[PDB]
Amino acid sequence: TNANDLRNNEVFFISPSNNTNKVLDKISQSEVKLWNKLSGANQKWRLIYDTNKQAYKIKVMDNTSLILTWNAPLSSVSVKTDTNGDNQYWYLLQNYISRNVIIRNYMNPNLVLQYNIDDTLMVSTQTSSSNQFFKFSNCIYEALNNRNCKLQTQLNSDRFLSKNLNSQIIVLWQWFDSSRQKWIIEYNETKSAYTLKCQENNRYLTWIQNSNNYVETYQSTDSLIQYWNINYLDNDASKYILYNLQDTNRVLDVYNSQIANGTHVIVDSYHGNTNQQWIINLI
């Protein structure tokens, strides 16, 4: 799968190549360490690419916004406030076949991240040891792919993405355990994005382009209007934003932030307010 590719703005679990059950973990306001995987927000990291430097910042997703930092001139690493230091940027170069990634510091490319037997981390000169090889796993793909889910608008605890009765129009509706409110999320390798299939009619969440910009269940198509980049809110791993591939500047949105049953769900310009925030749970 290409779901784990090192794309900008994606969130990952970073694990030692020798143990897929351990992950990079922010244990305190300054310390990082390899720890048993728990899928907690402090074990999730968003990549923010800097094109000018051709390097990335690695930001923890527990709401603190701290980023992986090399404590130059020491050999230790930590999570620290973002001050745009060269020591806070990292080259992420991957072996296409092994999928292993070397996390090389920007300030001093002779140093790479290394994990030790005692689960501690540090920077060191390169060797041929796998203790300098890491694997990246996209969090959302791991949690949501091929899962039957329900999507709740952050606007109201009991208003969910639902196909309307005797219509293809998708709207908000209170929960009543209906197949019209259950969606199978599936990653599409060709588009590198997700489709969401309504259990009631086996049709997909699709942006219908016209002045209304409503989303409706539609038959399978190769058109980008049916594909979505499901991501966590920039700094909140407990909520999601769904960007449409036809125009990634547009997202799944609740019309006029209304909560009444029947309110139209649409695709509109990203702003990030609660009417564009969704709570996704597995059925």
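Residue numbers here begin at 1 and follow the sequence given.
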As the entry reports it, the stretch among 31 to 39 and 229 to 237 with higher mean C-alpha B factor is 31 to 39
Hey, which bit's got the bigger mean C-alpha B factor in the entry, 124 to 132 or 90 to 98? 124 to 132
Per the deposited entry, the peak Cα B-factor within the set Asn21, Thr263, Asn275, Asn9 goes to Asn21
Residue with maximal Cα B-factor (values as given in the PDB entry) among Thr195, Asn166, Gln114, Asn202: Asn166
In terms of the CA temperature factor given in the entry, to which third of its chain does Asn188 belong: lowest, middle or highest? middle
Ranking the modelled residues of this chain by C-alpha B-factor as given in the entry, is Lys26 in the lowest, middle or highest third? middle
Ranking the modelled residues of this chain by C-alpha B-factor as given in the entry, is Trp70 in the lowest, middle or highest third? middle
Classify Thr217 as lowest, middle or highest third according to the C-alpha B-factor given in the PDB entry, relative to its own chain. middle
Of the three thirds of its chain by CA temperature factor, lowest, middle or highest, which one includes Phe160? lowest
